[PDB]
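Written below as structure tokens is the structure these notes are about.
Number of protein chains: 6
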Amino acid sequence: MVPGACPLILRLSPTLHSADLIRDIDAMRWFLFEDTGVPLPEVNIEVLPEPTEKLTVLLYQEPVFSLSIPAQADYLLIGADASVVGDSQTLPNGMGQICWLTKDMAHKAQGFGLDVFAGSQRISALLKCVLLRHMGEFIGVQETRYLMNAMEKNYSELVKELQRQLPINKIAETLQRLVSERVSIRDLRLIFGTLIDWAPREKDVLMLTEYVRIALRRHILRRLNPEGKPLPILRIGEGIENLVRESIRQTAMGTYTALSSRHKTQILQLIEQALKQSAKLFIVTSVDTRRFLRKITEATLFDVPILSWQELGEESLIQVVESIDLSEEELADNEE
Amino acid sequence: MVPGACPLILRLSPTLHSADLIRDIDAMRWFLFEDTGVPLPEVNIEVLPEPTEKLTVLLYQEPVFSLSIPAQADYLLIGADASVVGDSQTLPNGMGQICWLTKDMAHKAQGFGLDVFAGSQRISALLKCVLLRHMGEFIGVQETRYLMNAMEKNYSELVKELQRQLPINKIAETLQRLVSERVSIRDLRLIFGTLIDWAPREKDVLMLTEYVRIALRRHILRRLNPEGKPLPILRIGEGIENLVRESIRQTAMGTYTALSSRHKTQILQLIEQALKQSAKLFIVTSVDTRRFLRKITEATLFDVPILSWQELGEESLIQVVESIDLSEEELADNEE
Amino acid sequence: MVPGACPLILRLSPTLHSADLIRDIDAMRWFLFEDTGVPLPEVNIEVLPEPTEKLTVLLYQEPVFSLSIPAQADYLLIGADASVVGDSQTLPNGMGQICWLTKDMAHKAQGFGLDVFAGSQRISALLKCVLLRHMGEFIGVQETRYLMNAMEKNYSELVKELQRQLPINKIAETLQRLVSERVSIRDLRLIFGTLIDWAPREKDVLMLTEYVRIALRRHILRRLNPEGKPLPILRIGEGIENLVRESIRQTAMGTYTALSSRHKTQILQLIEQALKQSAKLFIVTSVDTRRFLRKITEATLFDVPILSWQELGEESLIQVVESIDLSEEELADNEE
Amino acid sequence: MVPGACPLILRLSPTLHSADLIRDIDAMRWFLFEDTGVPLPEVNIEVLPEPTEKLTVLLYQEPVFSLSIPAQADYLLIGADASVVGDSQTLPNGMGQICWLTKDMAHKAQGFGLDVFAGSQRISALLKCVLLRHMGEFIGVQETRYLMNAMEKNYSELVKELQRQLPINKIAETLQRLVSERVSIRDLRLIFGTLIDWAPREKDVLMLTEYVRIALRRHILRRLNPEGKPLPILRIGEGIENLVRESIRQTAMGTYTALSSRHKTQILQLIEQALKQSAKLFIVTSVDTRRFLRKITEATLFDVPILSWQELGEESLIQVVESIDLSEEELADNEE
Amino acid sequence: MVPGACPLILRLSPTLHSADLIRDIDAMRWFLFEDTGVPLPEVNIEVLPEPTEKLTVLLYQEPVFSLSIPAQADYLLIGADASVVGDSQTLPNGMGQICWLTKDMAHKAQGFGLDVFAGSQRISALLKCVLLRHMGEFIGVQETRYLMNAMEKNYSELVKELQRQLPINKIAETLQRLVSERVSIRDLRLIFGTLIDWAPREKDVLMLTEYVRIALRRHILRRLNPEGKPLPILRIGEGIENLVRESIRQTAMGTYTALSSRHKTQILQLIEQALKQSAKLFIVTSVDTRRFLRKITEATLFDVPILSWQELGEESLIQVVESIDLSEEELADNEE
Amino acid sequence: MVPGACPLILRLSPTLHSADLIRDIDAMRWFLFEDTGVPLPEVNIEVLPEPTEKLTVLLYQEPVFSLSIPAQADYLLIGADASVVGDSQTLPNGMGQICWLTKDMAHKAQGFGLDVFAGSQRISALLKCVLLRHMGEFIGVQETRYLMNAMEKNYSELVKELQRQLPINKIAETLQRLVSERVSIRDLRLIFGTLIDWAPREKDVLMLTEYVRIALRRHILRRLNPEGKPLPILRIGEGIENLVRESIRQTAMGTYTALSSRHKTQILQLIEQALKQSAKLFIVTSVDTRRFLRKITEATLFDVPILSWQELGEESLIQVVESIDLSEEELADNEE
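For the protein sequence lines, the chains are Q, R, J, B, A and E, in the order given.
Position 308 of the first sequence, counted from 1, bears residue number 653 in the authors' numbering, the numbering being contiguous throughout.
Position 105 of the second sequence, counted from 1, bears residue number 450 in the authors' numbering, the numbering being contiguous throughout.
Position 34 of the third sequence, counted from 1, bears residue number 379 in the authors' numbering, the numbering being contiguous throughout.
Position 73 of the fourth sequence, counted from 1, bears residue number 418 in the authors' numbering, the numbering being contiguous throughout.
Position 86 of the fifth sequence, counted from 1, bears residue number 431 in the authors' numbering, the numbering being contiguous throughout.
Position 264 of the sixth sequence, counted from 1, bears residue number 609 in the authors' numbering, the numbering being contiguous throughout.
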């Protein structure tokens, strides 16, 4: 009877099991650590006797993924596009779309310039997708302590100064709030430097996270679009900025937002209305209204990146696509 | 899985690789340490398989430099001038201009009295340029602790007194603010002496940095122009000095500037307007308005040196070239 | 990569190097320590390949002296006078004048009753001049700690009491302020005794330095003129004394002066006007106005000694040469 | 790279794996520990992708068992008899015979009064057979130390006295020599008591093992035949006893046997000749000739128990079946 | 200047380098450790600028392998056979034969049932061959101490007892003598158990190695031929056994052989004469004459396995192919 | 007054001095350490005022090299050959020949396929020659302790075992005897392993050195001729081998040779007679007579390598050039 759930378990029917699965999963874990900076725990391979070809992914013994992989498809392609269509289905929890492709069509799709997985890879490129959705769950107080112990080797004084500044729960909260936005915490030297700079002058951990995000703006704007080409930007007009800026209520532990449910519902409804025009859009708002806006759109629109103006330096051109704007709702619509 | 990004990585196609590259890079690193006083971390040479002749420079695993060196050019000359023209291109991030010269023309340019690099040197004189742009990133709390440990050998009491005066984060902030202006921190005895003098009488780390810059004025005015010949100086008129002096707002952690965005935009626009007349200009303003002016021109005009009046002693003649002046903008233009 | 600049470096071209240079430099260093009490660091002899006969003196790797010694002169005489003229030039940074003399004329000048250097000495009598200009740079917190450790051998209780009175940064500030005026700190017993006496009753380190200077008045008035003969004295009239006495503004760290730039400029202009009548003049003012006057004339007139009335006891006759006097400038000239 | 082979690995193809395999293997391990007293190491279940239904058992990563279980058989019965025949094959390394029985015939065989395994049990009753053949390999110096540490809880003085008597390598040798004969070492109190009694009076570890076997005679004669019914006994005549008794050669480490290869070959040939008359026979010889006889018949006839006369007390009746006897061979046959 | 040569260096020319080389080499190292039990040191990849496609393998900075891989071949097959012929050459130091195969012929050879390497693998399957020739050089006193420290985790008492028995140089000698015969030391529990058993009763480290080889006979006869099929055996007749048995001369450190050079030369000449009839032959001799025979055939015939009679149990059938026999040479030929 | 001479001093006239001399000497020192394994002490550059272009090399302040480099030669080539002739002279102490070549002829010689030095290199390629003659003087007890301390990092148990075997003076004697024969001690792992193997079984440090030389035979026969081509070998006939083998006289500290001076004189005279036929010859004798022969030819013929038969394995073909043979001298010539 060992307290504490088993972190990451992958249950497979013995048909799906293989001999190179261990090294493929390890390579995927190393790629995920190099990309997002969170050191994932070992994946425990377990055998699930089932006549149907089915796999499950269990996080802390609560099953978060359950998919039954049809026998007809032997080639896997994550996501959908116009060039490739056929035998596609929706992943649960809004993880996206997957396509099972026949051999020749999959070879054509790979020639088209995309990634296509075959064999044990079809498991990794599935499992990895799940791990990219519940990522913020693998960074707590204990994982933060492990990261700080790892950094104590070459950076002893940096870690000692940081501990002298902030208690470990606040550092873990900052790292978790950074991970849950697809911001890599791979560069821990810069993160600890920014926390050391702004720890005496700030106590709201949300604002410390904002400062760390600003200090990491080059990385964010590199990861969002690897090429230098301009990608679409959806501005937020002054109406919404003033609406969310006026409702800021502060207590001894920091500032939060206090809006009517009607305001949030209308803002999300119109943002989803403005998001169906193009596949990818970066919502851009002011610095003082960015985080609050995020925490009214994180529950539903988790995979849309909410950037800020200061995070886009003068060296990035905008190319506005749409300009969302509103007036209030409870007092008078005036826009809606 | 080792936390903490790898500091400095140079990825090369195997054609560009060589046998004397290690010692050439080490010589460049030693020159950079003798010049700017920042001890750089070891450059990790990695091989990048690519049909095109390409190299990348990665700082903390975020690629900051990526250049594809054409096969036709075998002679490299950093910068541009009227005497030499041909096969020149712009370095990214505004690092400057480079010229690829044929053998005979490069020999003529070397005879002209300039530096021309051939072989592994063409890598160093590229890499070094990058390292001269992101220099302020190699000096943090940990590197400051390493410098203080190095100085504990001959200067034990100086370092002990300095630690008794200031905490290590403030010393690291001072050294970083000095490095990010192309002021060498090679002379650590004088820097620690000035911090020991002015630490009890000052708490704004920006002002401590100003005092350290003033105590280093001979070095600054030697490095800006190695010869004693007078170089052009662009004065700042009393209008801008009074504009930025009136907007000084102080909090418990020190004083900052608070100007309208229109004021900053017009000041930078006219400074760039006044900078195209001659290649090099030293902007000179008052002591109380120098640092603030710098922090409204650091984002765009990083490579222009913002000197002060006290940094130019009575032994340096001025030779004013232009006298910039303004009145306000929001209240009334009156100059603009 | 060793932090901390190399203190004192002498770079010489092939021909000027010699075999007795080491012992000549060591003898000069010992003479400078016996004269001014500051223990100088070892001079590092380095070879500078140059077709022209040139030497450089580098303090903390920032070149402070650079002279190209013509081949025609083989006899060196520091300073100028009416009896000897020919092949003379101005040393940089206003260190003085030098004369290169032919063998017979140099023998005649030596017979005249002056010092003439030949061989390796021509280097020392040059280097020493430089070391007599930047002397105050070889006395900091660390050198003060070395002096106190040296004095802990015979004077243990004196040093212990002094440490109990003043922190090491204030002692180093006092010693530096004494060295930067050509006042020897060779007599450390008396200096520590005066600091022990006046430390409880005073907190302005400038005033502690004034008291130490007064307690050393016999040494000062011996070193200024080794013979008992009366040398010229330039009094400061009551107008300037009252002008600088009225502007004394005190803060928690001590008192400073606050004068208009016009006042300082006119005072220095007239002092230089009054200094061209005779080669050497001792400016004499009151005790309460002495140090402040010094800190308005140190930047330009570094080599003129600013004595005080209490430093000249009743046993030294004055022989006034000129009596400078003024009224204010901004309110009304009335003298200027 | 972890030194030391993985102790016990069971590799199974997709279809043979199950969900209750873990608890079935654990129950088999507990039964084996309760029966033979050797604490087995954890069985590591690994998946072996193979179209054919195959399993392998690996001891220290050297595969000792490899069996391909035909799809037609779903009911397993270990061993063979006249009542049940059909679909039977020989296990490798002479482990015995197995029968794959159809459902109805297996139910009839179970009704007959035998054990029949179905499902995951068909793996255990296979694996267990292997573990009953290489048992003596799971008891070394380290496992002996683990047993003694377990006994230090209730029997601290017994273990302390035993350690004071014999070094751990001799205790491990005794336990190994007892395990490799199908004598349980479950009763460690009695074994340690007998080693404590006879350790001062004996140094030949083989003779200590003989004394421990004699002190355990009740257990041996209970385990060989659980019921009190008389089972067949094959006596060894005085000729063989005198032949092996005369050849006893002793060195400082104890006594061994030295026989001609012809003698051993003829003895084994006739014993196998006398063993085909009945399925089970207990070979019984004198005390002084028992162990030596065992070590000339252990290589080939491993599973036949070589009892002694003193191990069969006066309360066990004999019922001799055959009386083997010989004269020598090299000198003269006289019997063979 | 770091004493101690760099263990394993692989130098490759520009084009042979790749991106998956690191993981391919690591997989080869892990396979070599799982096979032969010797933990190899990290392979250092270095770039060797060379117009010709060449690689070198350096053991302790003494180049042991140097091969220039022709551009025409892109498919590699280690060894030679009748089914595949074309573009084959001899590896240096008698490592074997290699074949460079065109794509279609290599696919046909892979279909034939052999291993064919392409890409970075062509390096590994080369490097690995070298590592299988100088294997006995990666096991010394220090590597033995590392193995014993690794075994101290689960087997603490086994290692402690072994250290109490034998000093570390003798254990390292035993492990080295086992590795230099292609006997895996992966099973360290059994090796340490056999050394603990036979350490008190033996002092000749060669005989301890013989006992450890006998205790590992199942592993040896499994690795020599993975299948149970009978492979050819070349017996050694009684003449050679008696010749080498008579010449055994013992000193305080153990027994060695003392034969005339003519005897050794004739024995090797006839063994090579008897080895050209079939590709693989296992030379089998008596126990008392096995090791000595090995140490007269190790210098020339390194890759032929010299088994013994006791290492082949009664369960392995022989299938003699030839029966070598001789009389002496110096006294009288009588056979040669 | 510091006891202990200054190890390595290079005195140069200031014309020969340069700016890159420090790094050129450091590169030469690193090459010498990589080649011969002896860590050389820092070269102290001193200036020697001399009208003539002269340099001296001082080992422990006893001048071992003194050369006056003529002004006419500006290109240096070490050694002589038929292809290049002109302005050549003999180095002192039989270090060899040097050639000063004019620019065009030196370029032709470099094109011929040799090494030609210009500038500061002309000093290194001189100094290095000296360091290759008195090499055995830079390895004593203290340098051996430094090497063992360096090896204590990765090889702690190897060094500890070696210290337990041999005292440091014997290890230093072995390393010195290996260095004074141009055998590299770069591979310290193998040397310490061989000393650990043969330390219990041998006490004559000369024989331990012989065993270490035999274990290093591959390195010796690689360094003597880098290519695999056969180089000439001068055998020593059985007469000399029997002469020096009969005179072996042993005392408690080992065996030495005791020959008549006539025997040694005749052997050296004829060896020099046999050495003028070809430039390079490897003298090859038996194992039991090798070292003794070396210690009768080390005083005069220092640079000729005295190999052995066991050092040339069966894989190196001989190509005898001459076969020297003698009978005794004092009893009767019979050959001489």
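All C-beta atoms, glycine included, are put in the ideal place defined by N, C-alpha and C.
| Asked | Found |
| --- | --- |
| Residue closest to residue 712 of chain B, alpha-carbon to alpha-carbon, out of B/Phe537, B/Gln455 and B/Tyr556 | Residue 712 of chain B falls outside the range modelled here, since chain B spans only 346 to 681, and no answer is possible. |
| Proximity to Q/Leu477 [Cα-Cα], best of Q/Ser529, Q/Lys498, Q/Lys548 and Q/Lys640 | Q/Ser529 |
| For J/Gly464 and E/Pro512, the rounded distance between their alpha carbons | 56 Å |
| Distance cut-off 6 Å: R/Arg478 Cβ against heavy atoms of the ligand COA | What this structure holds is no ligand at all, so the ligand COA is not there to describe. |
| Contact under 7 Å by Cβ, residue 682 of chain R with Q/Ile516 | The displayed coordinates of chain R run from 346 to 681. Any statement about residue 682 of chain R would go beyond what the structure contains. |
| DSSP state of R/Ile530 mapped onto helix, strand, coil | coil |
| Three-way DSSP call (helix, strand, coil) for A/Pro437 in this model | helix |
| Under 9 Å from the C-beta of B/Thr397: neighbouring residues of chain Q | Chain Q residues near B/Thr397: none, gap ~14 Å exceeds 9 Å. |
| Inter-stretch contact at 8 Å, needing at least 3 Cβ pairs: the stretch 347–356 of chain A / the stretch 659–666 of chain B | no |
| Through-space distance from Q/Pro437 to Q/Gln406, alpha-carbon basis | 18 Å |
| R/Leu377 classed as buried or exposed, judged by whether at least 16 other C-beta atoms fall within 10 angstroms | buried |
| Close-in-space but distant-in-sequence residues of the same chain around B/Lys625 (CB under 6 Å, 5 per side omitted) | none |
| Q/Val486 beta carbon less than 7 Å from that of Q/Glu497 | no |
| Cross-chain neighbours of J/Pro545 in chain E, by beta carbon under 7 Å | Here the premise fails: no neighbours, minimum Cβ distance about 47 Å. |
| Of the residues Q/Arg374, Q/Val402 and Q/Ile443, the one placed nearest Q/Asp419, counting alpha carbons only | Q/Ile443 |
| Start and end residues, beta strand (DSSP E) containing J/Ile414 | First-last for J/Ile414: undefined, no H or E at that position. |
| Touching by the beta-carbon criterion (3+ pairs, under 8 Å), the stretch 559–576 of chain B and the stretch 616–623 of chain B | no |
| Nonlocal neighbours in the same chain, by C-beta distance under 6 Å from B/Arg374, ignoring five residues either side | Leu385 |
| Through-space distance from R/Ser358 to A/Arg467, alpha-carbon basis | 21 Å |
| Cα-Cα separation, E/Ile559 to A/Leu551 | 21 Å |
| Three-way DSSP call (helix, strand, coil) for R/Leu620 in this model | helix |
| Beta-carbon spacing of B/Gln655, B/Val629 below 7 Å | no |
| Near-chain A residues of the stretch 495–519 of chain E - C-beta to any C-beta below 7 Å | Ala495, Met496, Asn499, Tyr500, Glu502, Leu503 and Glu506 |
| In chain order, each alpha helix (DSSP H) run of at least 4 residues that lies wholly inside the stretch 633–678 of chain B | 635–642 |
| Start and end residues, beta strand (DSSP E) containing R/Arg478 | First-last for R/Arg478: undefined, no H or E at that position. |
| Residues bridged to residue 286 of chain A [DSSP beta-bridge criterion] | Within the shown structure, residues of chain A are numbered from 346 to 681, placing residue 286 of chain A beyond reach of any answer. |
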